[PDB]
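Summary of the model geometry
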Amino acid sequence: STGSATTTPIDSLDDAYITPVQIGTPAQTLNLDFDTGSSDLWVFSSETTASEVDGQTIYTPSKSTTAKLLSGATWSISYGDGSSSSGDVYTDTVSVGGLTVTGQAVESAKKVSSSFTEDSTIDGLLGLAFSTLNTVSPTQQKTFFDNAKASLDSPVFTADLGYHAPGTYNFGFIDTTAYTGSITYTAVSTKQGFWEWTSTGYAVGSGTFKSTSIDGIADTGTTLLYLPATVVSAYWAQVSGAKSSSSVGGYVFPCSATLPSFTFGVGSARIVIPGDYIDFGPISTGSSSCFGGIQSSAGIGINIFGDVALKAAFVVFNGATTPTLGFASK
Ligand SMILES: CNCc1cc([N+](=O)[O-])ccc1Cl
């Protein structure tokens, strides 16, 4: 089996991407944020505290003939941005782009934090990190990918995110028309439950490549690129007037600037992020200070190759017995 679904930016800045997912019988279609940095499939639902729902489409398990309460199971998750959600659990049929899993754990939110409430376009998350991070208690549950894997033609999924445009998540096959050149594969550590790998270095604009190991995670659920302070300082030093603002919460730059590209290494290969991908626009409406798409990971505790980096590549999440990550230019 295979699946193929289009993923669409939620706004003009590519703050996140949503992908339609069919849950239950008859199908209830919810738009979920596919998140390779977490391992819970959770949804706004008929159980979500009413005051915490503002425009989202909800899953109603009582209207699904295939829904079953997973008795006694609860879940609770906190994300790196300080947001959170929690609730109870149903099993139901879940389909993504024509690929169907029966008996998938669908985590029904009873509570969500304010940033979820405020994002009317995101009806929940579909986690694609390793199932060891799943928060369901007392019986940990598997991700959609882990449940699908045995049925897939090949034990892989791919992320092909667009810059200010739709893109694609494929399951079970590599679309050889979706990238240019060859795919470079690199080792993954699953020790922390993430798609964790080591970049071989970086360059700023047309500058020389600095060979240096940068351990980080491939995280489709994080908007920006978070790298060590040394690397980030070297980047923003090339932008006149750029500075780190404690009041804003990161590097800002004059909206009149032309940003340099940023290159990261994957083995002996190189992925180039165009300067425009690093522009996240005015910090507040009408401001001439613009927010940067490359930020320091100091204080996070991990480097994060989020959408700014991933959307510059065709990315293979290889879930074979020894997992690996592949990157190609596109
Ligand atoms: C865990 N990956 C990043 C993240 C993703 C989301 N998401 O809605 O997809 C929310 C918070 C964070 Cl910190």
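The structure we're discussing is the one just above.
Conventions and cut-offs
- Residues numbered from 1 in each chain as written, not as in the entry; some residues may be left out.
- Heavy atoms only, no water.
- Residues with missing side-chain atoms left out of burial classes, pairs and counts.
- Pairing = 2+ DSSP bridges.
- Helix = DSSP H or I, 4+ residues; strand = E, 2+ residues; numbered from the N terminus.
- Axes fitted to C-alpha atoms, helices over the stretch in contact; angles between N-to-C directions.
- Buried < 20%, exposed > 50% of the residue type's maximum accessible area, 1.4 Å probe, protein only.
- Arc of directions from axis to C-beta.
- Near = heavy atom within 4 Å.
- Polar contact = N/O pair within 3.5 Å; in protein donor to acceptor, adjacent residues only side chain to side chain.
- Areas by Shrake-Rupley, 256 points an atom, 1.4 Å probe, with all protein chains shown as cover.
- Domains from an automatic or database assignment.
- Salt bridge = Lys/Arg side-chain N within 4 Å of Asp/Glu carboxyl O.
- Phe/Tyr/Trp six-rings, centres within 6.5 Å; stacked < 30°, edge-to-face > 60°.

The subject of this paragraph is the sheet that holds strand 18 (residues 269-273). The seven strands are arranged 18-17-12-13-22-14-21 in an open sheet whose pairing can be described as mixed. Strands at the two margins of the open sheet, each flanked by one partner only, are strand 18 and strand 21 (294-296). On average, adjacent strands in this sheet sit at an angle of 45 degrees to one another, irrespective of strand direction. Across three bridges, strand 14 (residues 225-227) lies against strand 21 in parallel orientation. Its bridge partner being in strand 21, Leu227 is matched across the sheet by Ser296.

Among the residues of helix 3 (residues 229-236), those classed as buried are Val231, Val232, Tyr235 and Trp236. Looking straight down helix 3, one finds that the buried residues subtend no more than 125 degrees of arc, so they occupy a single side.

Bringing the site of the ligand into the picture now. In the vicinity of the ligand, the contacting residues are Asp33, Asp35, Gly37, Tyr79, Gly80, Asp81, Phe116, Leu125, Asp219, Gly221 and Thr222. A distance of 2.9 Å separates a nitrogen atom of the ligand from a polar atom in the side chain of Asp219. Across the complex, the protein chains shield 86% of the 360 Å² of accessible surface that the ligand would expose by itself. The residues that make up the shell around the ligand include at least three from each of domain 1 (5-174) and domain 2 (175-330).

The full count for this structure, using the stated rule, is three salt bridges. Residue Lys311 is joined to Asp14 by a salt bridge in which the shortest nitrogen-to-oxygen separation is 2.8 Å. Of this pair, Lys311 sits in the loop between helix 4 (307-310) and strand 23 (314-318) while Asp14 sits in the loop between strand 1 (3-9) and strand 2 (17-23); the two residues are 297 residues apart in sequence, bridging distant segments of the chain. In this structure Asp14 comes out as buried when scored by relative accessible area, which is 0%. With its nearest N and O atoms 3.1 Å apart, the salt bridge here joins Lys149 to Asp146. For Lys149, a relative accessible area of 23% puts it in the partly exposed group. Take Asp146: its relative accessible area is 25%, and that puts it in the partly exposed class.

The next point concerns the packing of aromatic side chains. On inspection of all chains with the given rule, the structure shows 25 aromatic pairs. Relative to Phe314, the ring of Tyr179 has its centre 5.1 Å away and its plane inclined at 35 degrees; by these criteria the two rings are tilted. Here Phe314 lies in strand 23 and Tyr179 lies in the loop between strand 10 (167-171) and strand 11 (184-187), a separation of 135 residues in the sequence. As far as burial versus exposure is concerned, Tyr179 and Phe314 are alike and both buried. Here the aromatic rings of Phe264 and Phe327 are separated by 5.9 Å at their centres, their planes lie at 80 degrees, and the arrangement is edge-to-face. Taken together, the residues span a long stretch of sequence, with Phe264 in strand 17 (residues 262-266) and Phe327 in strand 24 (residues 324-328) at a distance of 63 residues. Owing to a relative accessible area of 1%, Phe264 belongs among the buried residues under this scheme.

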